[PDB]
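Read the single chain below, which is given as C-alpha coordinates and is the form deposited in one PDB entry.
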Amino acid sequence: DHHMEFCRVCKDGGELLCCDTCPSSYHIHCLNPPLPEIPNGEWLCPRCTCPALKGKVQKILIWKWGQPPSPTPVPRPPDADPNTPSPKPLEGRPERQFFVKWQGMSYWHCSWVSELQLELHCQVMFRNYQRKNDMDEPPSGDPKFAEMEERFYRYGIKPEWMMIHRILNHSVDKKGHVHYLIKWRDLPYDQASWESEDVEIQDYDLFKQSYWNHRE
(Lines give C-alpha, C1' and ligand atoms only; values in the text may rest on other atoms or scores of the structure.)
Protein backbone atom coordinates (compact mmCIF):
# COMPACT_ATOMS: atom_id res chain seq x y z
CA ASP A 1 0.00 0.00 0.00
CA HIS A 2 1.90 3.04 1.30
CA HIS A 3 5.62 2.75 1.92
CA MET A 4 8.38 5.17 1.10
CA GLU A 5 9.10 4.61 -2.58
CA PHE A 6 12.65 5.76 -1.96
CA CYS A 7 15.40 4.75 0.45
CA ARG A 8 15.39 6.26 3.94
CA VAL A 9 19.23 6.31 3.86
CA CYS A 10 20.22 7.62 0.41
CA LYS A 11 16.84 8.91 -0.87
CA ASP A 12 17.02 6.98 -4.17
CA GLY A 13 14.46 4.53 -5.49
CA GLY A 14 14.45 1.10 -7.07
CA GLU A 15 14.52 -2.30 -5.39
CA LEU A 16 13.44 -1.52 -1.82
CA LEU A 17 13.08 -3.64 1.30
CA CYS A 18 9.89 -2.54 3.05
CA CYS A 19 9.24 -2.80 6.77
CA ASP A 20 6.35 -4.89 8.07
CA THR A 21 5.45 -2.46 10.89
CA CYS A 22 6.17 1.03 9.55
CA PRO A 23 6.31 2.91 6.21
CA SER A 24 10.12 2.83 6.07
CA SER A 25 11.98 1.50 3.03
CA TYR A 26 15.67 0.72 2.55
CA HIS A 27 18.15 -0.58 0.03
CA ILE A 28 19.70 -3.84 1.18
CA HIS A 29 23.11 -2.24 0.54
CA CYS A 30 22.22 0.84 2.65
CA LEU A 31 21.49 -1.10 5.84
CA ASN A 32 24.18 -1.32 8.53
CA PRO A 33 25.38 -3.98 8.04
CA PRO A 34 24.33 -4.45 4.40
CA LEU A 35 22.23 -7.45 3.39
CA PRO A 36 23.16 -9.66 0.41
CA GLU A 37 19.53 -10.26 -0.59
CA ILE A 38 16.00 -9.37 0.42
CA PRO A 39 15.17 -11.74 3.31
CA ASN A 40 11.92 -13.70 3.36
CA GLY A 41 9.08 -13.64 5.84
CA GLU A 42 9.04 -10.86 8.43
CA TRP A 43 11.56 -8.03 8.34
CA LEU A 44 11.73 -5.22 10.90
CA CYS A 45 13.65 -2.09 9.97
CA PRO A 46 16.38 -0.56 12.18
CA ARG A 47 13.85 1.98 13.46
CA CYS A 48 11.30 -0.57 14.68
CA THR A 49 14.06 -2.59 16.39
CA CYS A 50 15.64 0.53 17.93
CA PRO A 51 16.08 0.26 21.72
CA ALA A 52 14.24 2.79 23.87
CA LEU A 53 15.92 5.61 25.77
CA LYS A 54 16.07 5.20 29.53
CA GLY A 55 14.67 8.69 30.02
CA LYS A 56 14.27 12.17 28.62
CA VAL A 57 17.46 13.67 27.21
CA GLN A 58 18.45 17.01 28.75
CA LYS A 59 21.80 17.74 27.09
CA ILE A 60 24.14 16.20 24.53
CA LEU A 61 27.61 16.42 26.07
CA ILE A 62 30.03 14.87 23.55
CA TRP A 63 30.03 12.35 20.73
CA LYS A 64 32.39 9.77 19.29
CA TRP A 65 32.45 7.28 16.45
CA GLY A 66 31.41 3.83 17.62
CA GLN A 67 32.61 0.51 16.28
CA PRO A 68 31.08 -0.91 13.09
CA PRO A 69 28.85 -3.95 13.59
CA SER A 70 29.84 -7.47 12.67
CA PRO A 71 29.74 -7.91 8.87
CA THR A 72 26.87 -9.76 7.25
CA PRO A 73 28.09 -13.17 6.03
CA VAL A 74 27.28 -14.17 2.45
CA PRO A 75 26.39 -17.81 1.67
CA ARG A 76 28.59 -19.56 -0.83
CA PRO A 77 26.75 -19.68 -4.19
CA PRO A 78 25.38 -23.19 -4.67
CA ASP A 79 27.44 -23.99 -7.79
CA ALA A 80 30.79 -22.94 -6.34
CA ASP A 81 34.18 -24.56 -6.84
CA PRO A 82 35.56 -26.03 -3.58
CA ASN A 83 38.76 -24.03 -4.16
CA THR A 84 36.86 -20.75 -4.56
CA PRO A 85 36.99 -18.68 -1.35
CA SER A 86 33.67 -17.89 0.25
CA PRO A 87 32.40 -14.40 -0.67
CA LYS A 88 33.86 -11.59 1.40
CA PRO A 89 31.43 -10.72 4.24
CA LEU A 90 29.48 -7.51 3.77
CA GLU A 91 31.21 -4.74 5.70
CA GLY A 92 29.36 -2.38 8.03
CA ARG A 93 30.29 1.14 9.04
CA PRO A 94 30.63 3.23 12.21
CA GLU A 95 27.67 5.05 13.74
CA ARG A 96 27.89 8.16 15.90
CA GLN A 97 27.64 7.65 19.66
CA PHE A 98 26.41 10.40 21.97
CA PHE A 99 27.10 10.85 25.68
CA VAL A 100 24.02 12.47 27.22
CA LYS A 101 22.82 14.09 30.43
CA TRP A 102 19.41 12.80 31.49
CA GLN A 103 16.56 14.98 32.72
CA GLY A 104 16.07 14.50 36.45
CA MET A 105 19.28 12.44 36.80
CA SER A 106 22.71 13.55 37.96
CA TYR A 107 25.90 13.41 35.92
CA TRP A 108 26.49 10.04 37.59
CA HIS A 109 23.88 8.57 35.23
CA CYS A 110 25.30 9.94 31.99
CA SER A 111 25.26 7.22 29.36
CA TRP A 112 25.70 6.58 25.67
CA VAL A 113 23.00 6.56 23.00
CA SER A 114 23.20 6.02 19.26
CA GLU A 115 22.51 8.53 16.50
CA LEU A 116 19.52 6.39 15.48
CA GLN A 117 18.11 6.88 18.99
CA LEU A 118 18.45 10.67 19.02
CA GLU A 119 17.09 10.80 15.47
CA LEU A 120 13.98 8.90 16.60
CA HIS A 121 13.35 10.26 20.08
CA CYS A 122 15.16 13.61 20.41
CA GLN A 123 15.20 14.89 16.83
CA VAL A 124 14.67 18.57 17.67
CA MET A 125 17.52 18.59 20.20
CA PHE A 126 19.68 16.50 17.89
CA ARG A 127 19.14 18.64 14.80
CA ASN A 128 20.04 21.67 16.94
CA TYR A 129 23.23 19.93 18.09
CA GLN A 130 24.26 19.08 14.52
CA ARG A 131 23.87 22.73 13.54
CA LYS A 132 26.33 23.90 16.24
CA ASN A 133 28.96 21.16 15.91
CA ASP A 134 31.37 19.72 13.34
CA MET A 135 29.92 16.23 12.92
CA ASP A 136 32.83 14.73 10.97
CA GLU A 137 35.56 14.63 13.65
CA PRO A 138 34.65 14.31 17.35
CA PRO A 139 35.84 17.06 19.69
CA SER A 140 38.61 16.25 22.17
CA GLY A 141 37.40 17.71 25.47
CA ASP A 142 45.38 7.98 42.30
CA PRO A 143 43.38 5.00 41.00
CA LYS A 144 39.93 6.54 41.51
CA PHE A 145 40.74 9.71 39.55
CA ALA A 146 41.80 7.62 36.55
CA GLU A 147 38.49 5.74 36.76
CA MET A 148 36.49 8.98 36.99
CA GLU A 149 38.54 10.72 34.30
CA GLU A 150 38.14 7.67 32.06
CA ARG A 151 34.36 7.38 32.47
CA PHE A 152 33.08 10.92 33.15
CA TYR A 153 35.52 13.84 33.05
CA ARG A 154 37.13 13.27 29.64
CA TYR A 155 33.63 13.54 28.14
CA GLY A 156 33.07 17.11 29.31
CA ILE A 157 32.03 16.77 32.96
CA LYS A 158 33.48 18.91 35.73
CA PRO A 159 34.33 16.75 38.78
CA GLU A 160 32.43 19.21 40.98
CA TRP A 161 29.15 18.38 39.21
CA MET A 162 29.47 14.91 40.80
CA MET A 163 30.35 16.08 44.32
CA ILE A 164 27.76 16.71 47.01
CA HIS A 165 27.14 20.28 48.12
CA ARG A 166 24.10 19.64 50.33
CA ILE A 167 21.55 16.93 51.04
CA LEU A 168 18.11 18.54 50.95
CA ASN A 169 15.56 15.82 51.77
CA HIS A 170 15.07 12.06 51.95
CA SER A 171 12.54 9.45 50.86
CA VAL A 172 11.94 5.74 51.51
CA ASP A 173 10.96 3.21 48.84
CA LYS A 174 8.12 0.74 48.99
CA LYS A 175 11.00 -1.72 49.53
CA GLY A 176 12.52 0.35 52.35
CA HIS A 177 15.52 1.75 50.46
CA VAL A 178 16.36 5.30 51.51
CA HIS A 179 16.81 7.93 48.81
CA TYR A 180 18.40 11.37 49.22
CA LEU A 181 17.77 14.59 47.34
CA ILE A 182 21.23 15.92 46.49
CA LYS A 183 22.28 19.45 45.64
CA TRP A 184 25.40 19.13 43.50
CA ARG A 185 28.39 21.43 43.73
CA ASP A 186 28.71 24.05 40.98
CA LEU A 187 25.09 23.45 39.86
CA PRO A 188 21.89 25.39 40.69
CA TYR A 189 19.18 23.90 42.89
CA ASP A 190 16.97 23.01 39.93
CA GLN A 191 19.70 20.47 39.05
CA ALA A 192 19.33 18.69 42.39
CA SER A 193 18.31 15.09 41.96
CA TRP A 194 17.26 12.05 43.96
CA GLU A 195 20.06 9.56 44.42
CA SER A 196 20.14 6.11 45.97
CA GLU A 197 21.52 5.50 49.45
CA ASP A 198 23.88 2.94 47.92
CA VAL A 199 25.60 5.06 45.25
CA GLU A 200 29.33 5.47 45.93
CA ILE A 201 29.51 9.25 46.17
CA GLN A 202 32.62 10.76 47.74
CA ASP A 203 31.96 11.60 51.41
CA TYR A 204 28.39 10.28 51.04
CA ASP A 205 28.31 9.09 54.66
CA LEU A 206 29.53 12.45 55.92
CA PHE A 207 26.71 14.36 54.19
CA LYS A 208 24.14 11.79 55.34
CA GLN A 209 24.93 12.30 59.02
CA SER A 210 25.12 16.06 58.44
CA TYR A 211 21.60 15.90 57.00
CA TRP A 212 20.29 14.01 60.04
CA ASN A 213 22.02 16.41 62.42
CA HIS A 214 20.02 19.12 60.65
CA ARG A 215 16.86 17.21 61.58
CA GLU A 216 18.24 16.64 65.11
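Only residues modelled in both forms are compared. A residue's number is simply how far along the shown sequence it sits, counting from 1. Think of the rigid core as the biggest set of C-alphas that the two forms share within 1.5 Å after superposition.
Beyond the structure shown, there is the form deposited in another entry, which is absent from this document and is the topic of what follows.
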query: Flag for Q67, CA shift 2 Å or larger between this form and the one not shown after aligning core; finding: no
query: Core-aligned C-alpha movement of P77 between this form and the one not shown, 2 Å or more; finding: yes
query: Shifted regions of at least three residues between this form and the one not shown, judged by C-alpha displacement of 2 Å or more after core alignment; finding: 68 to 82, 87 to 92
